[PDB]
file query_2.txt (compact mmCIF, N, CA and C atoms)
# COMPACT_ATOMS: atom_id res chain seq x y z
N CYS A 1 -1.65 0.99 8.31
CA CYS A 1 -1.47 1.10 6.83
C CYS A 1 0.03 1.05 6.48
N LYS A 2 0.45 1.71 5.43
CA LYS A 2 1.87 1.68 5.07
C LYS A 2 2.28 3.02 4.47
N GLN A 3 3.46 3.48 4.75
CA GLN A 3 3.89 4.77 4.17
C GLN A 3 4.37 4.55 2.74
N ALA A 4 4.19 5.53 1.93
CA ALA A 4 4.61 5.43 0.50
C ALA A 4 5.91 4.64 0.37
N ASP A 5 5.96 3.71 -0.57
CA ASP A 5 7.18 2.87 -0.79
C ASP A 5 7.20 1.71 0.21
N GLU A 6 6.08 1.40 0.79
CA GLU A 6 6.04 0.28 1.77
C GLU A 6 5.33 -0.93 1.14
N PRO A 7 5.90 -2.08 1.36
CA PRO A 7 5.33 -3.34 0.81
C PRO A 7 4.06 -3.73 1.57
N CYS A 8 3.05 -4.17 0.86
CA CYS A 8 1.80 -4.58 1.54
C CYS A 8 0.96 -5.48 0.64
N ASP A 9 -0.15 -5.95 1.14
CA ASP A 9 -1.03 -6.83 0.33
C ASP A 9 -1.98 -5.97 -0.50
N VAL A 10 -2.10 -6.24 -1.77
CA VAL A 10 -3.02 -5.43 -2.62
C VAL A 10 -4.41 -6.06 -2.62
N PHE A 11 -5.01 -6.19 -1.47
CA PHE A 11 -6.37 -6.82 -1.42
C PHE A 11 -7.26 -6.10 -0.40
N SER A 12 -6.70 -5.67 0.69
CA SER A 12 -7.54 -4.98 1.72
C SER A 12 -6.82 -3.74 2.24
N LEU A 13 -5.83 -3.93 3.06
CA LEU A 13 -5.10 -2.76 3.63
C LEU A 13 -3.65 -2.72 3.13
N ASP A 14 -3.11 -1.55 2.98
CA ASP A 14 -1.70 -1.43 2.54
C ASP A 14 -1.20 -0.03 2.85
N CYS A 15 -1.43 0.89 1.95
CA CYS A 15 -0.98 2.28 2.17
C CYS A 15 -2.10 3.11 2.79
N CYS A 16 -1.75 3.97 3.71
CA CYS A 16 -2.76 4.82 4.38
C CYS A 16 -3.55 5.68 3.39
N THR A 17 -3.26 5.64 2.11
CA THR A 17 -4.02 6.51 1.17
C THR A 17 -4.55 5.77 -0.06
N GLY A 18 -4.19 4.53 -0.30
CA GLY A 18 -4.71 3.90 -1.55
C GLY A 18 -4.61 2.37 -1.57
N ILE A 19 -3.75 1.85 -2.40
CA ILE A 19 -3.64 0.36 -2.56
C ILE A 19 -2.20 -0.13 -2.39
N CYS A 20 -1.86 -1.22 -3.04
CA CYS A 20 -0.47 -1.76 -2.92
C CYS A 20 -0.04 -2.47 -4.21
N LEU A 21 0.30 -1.73 -5.22
CA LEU A 21 0.78 -2.37 -6.48
C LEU A 21 2.29 -2.56 -6.34
N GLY A 22 2.68 -3.37 -5.40
CA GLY A 22 4.12 -3.58 -5.12
C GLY A 22 4.41 -2.83 -3.82
N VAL A 23 4.03 -1.58 -3.79
CA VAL A 23 4.21 -0.75 -2.57
C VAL A 23 3.30 0.47 -2.69
N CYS A 24 2.98 1.11 -1.60
CA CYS A 24 2.09 2.30 -1.69
C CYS A 24 2.52 3.19 -2.87
N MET A 25 1.69 3.33 -3.87
CA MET A 25 2.08 4.18 -5.03
C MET A 25 1.54 5.60 -4.87
N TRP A 26 1.57 6.07 -3.67
CA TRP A 26 1.09 7.45 -3.37
C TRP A 26 1.70 7.94 -2.06
call {"tool": "encode", "arguments": {"input": "query_2.txt", "output": "structure tokens"}}
result
Amino acid sequence: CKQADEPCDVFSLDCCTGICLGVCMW
């Protein structure tokens, strides 16, 4: 996944707790 403030794809996996609207917003 990605730690808060990490860039990722907002479609499947990104932040270990939610989504990716630019970067983990949590």
call {"tool": "residues_near_point", "arguments": {"input": "query_2.txt", "point": "(5.6, 3.2, -0.6)", "cutoff": "8 Å", "atoms": "only N, CA and C atoms", "output": "compact mmCIF listing (two decimals) with N, CA and C atoms, in the coordinates of the input"}}
result
# COMPACT_ATOMS: atom_id res chain seq x y z
N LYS A 2 0.45 1.71 5.43
CA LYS A 2 1.87 1.68 5.07
C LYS A 2 2.28 3.02 4.47
N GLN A 3 3.46 3.48 4.75
CA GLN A 3 3.89 4.77 4.17
C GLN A 3 4.37 4.55 2.74
N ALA A 4 4.19 5.53 1.93
CA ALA A 4 4.61 5.43 0.50
C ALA A 4 5.91 4.64 0.37
N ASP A 5 5.96 3.71 -0.57
CA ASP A 5 7.18 2.87 -0.79
C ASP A 5 7.20 1.71 0.21
N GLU A 6 6.08 1.40 0.79
CA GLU A 6 6.04 0.28 1.77
C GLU A 6 5.33 -0.93 1.14
N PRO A 7 5.90 -2.08 1.36
CA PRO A 7 5.33 -3.34 0.81
C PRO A 7 4.06 -3.73 1.57
N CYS A 8 3.05 -4.17 0.86
CA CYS A 8 1.80 -4.58 1.54
C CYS A 8 0.96 -5.48 0.64
N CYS A 15 -1.43 0.89 1.95
CA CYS A 15 -0.98 2.28 2.17
C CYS A 15 -2.10 3.11 2.79
N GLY A 22 2.68 -3.37 -5.40
CA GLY A 22 4.12 -3.58 -5.12
C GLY A 22 4.41 -2.83 -3.82
N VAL A 23 4.03 -1.58 -3.79
CA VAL A 23 4.21 -0.75 -2.57
C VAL A 23 3.30 0.47 -2.69
N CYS A 24 2.98 1.11 -1.60
CA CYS A 24 2.09 2.30 -1.69
C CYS A 24 2.52 3.19 -2.87
N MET A 25 1.69 3.33 -3.87
CA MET A 25 2.08 4.18 -5.03
C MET A 25 1.54 5.60 -4.87
N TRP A 26 1.57 6.07 -3.67
CA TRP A 26 1.09 7.45 -3.37
C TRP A 26 1.70 7.94 -2.06
call {"tool": "axis_aligned_box", "arguments": {"input": "query_2.txt", "around": "region 21-26 of chain A", "padding_each_side": "5 Å", "output": "JSON"}}
result
{"center_x": 2.4, "center_y": 2.2, "center_z": -4.0, "size_x": 14.1, "size_y": 21.5, "size_z": 14.9}
call {"tool": "atom_distance", "arguments": {"input": "query_2.txt", "atom1": "CA of residue 20 (chain A)", "atom2": "atom C of residue 1 (chain A)"}}
result
9.8 Å
call {"tool": "residues_near_point", "arguments": {"input": "query_2.txt", "point": "(-3.9, -6.4, -2.2)", "cutoff": "7 Å", "atoms": "all atoms listed in the file", "output": "number ranges by chain"}}
result
A: 8-13, 19-21
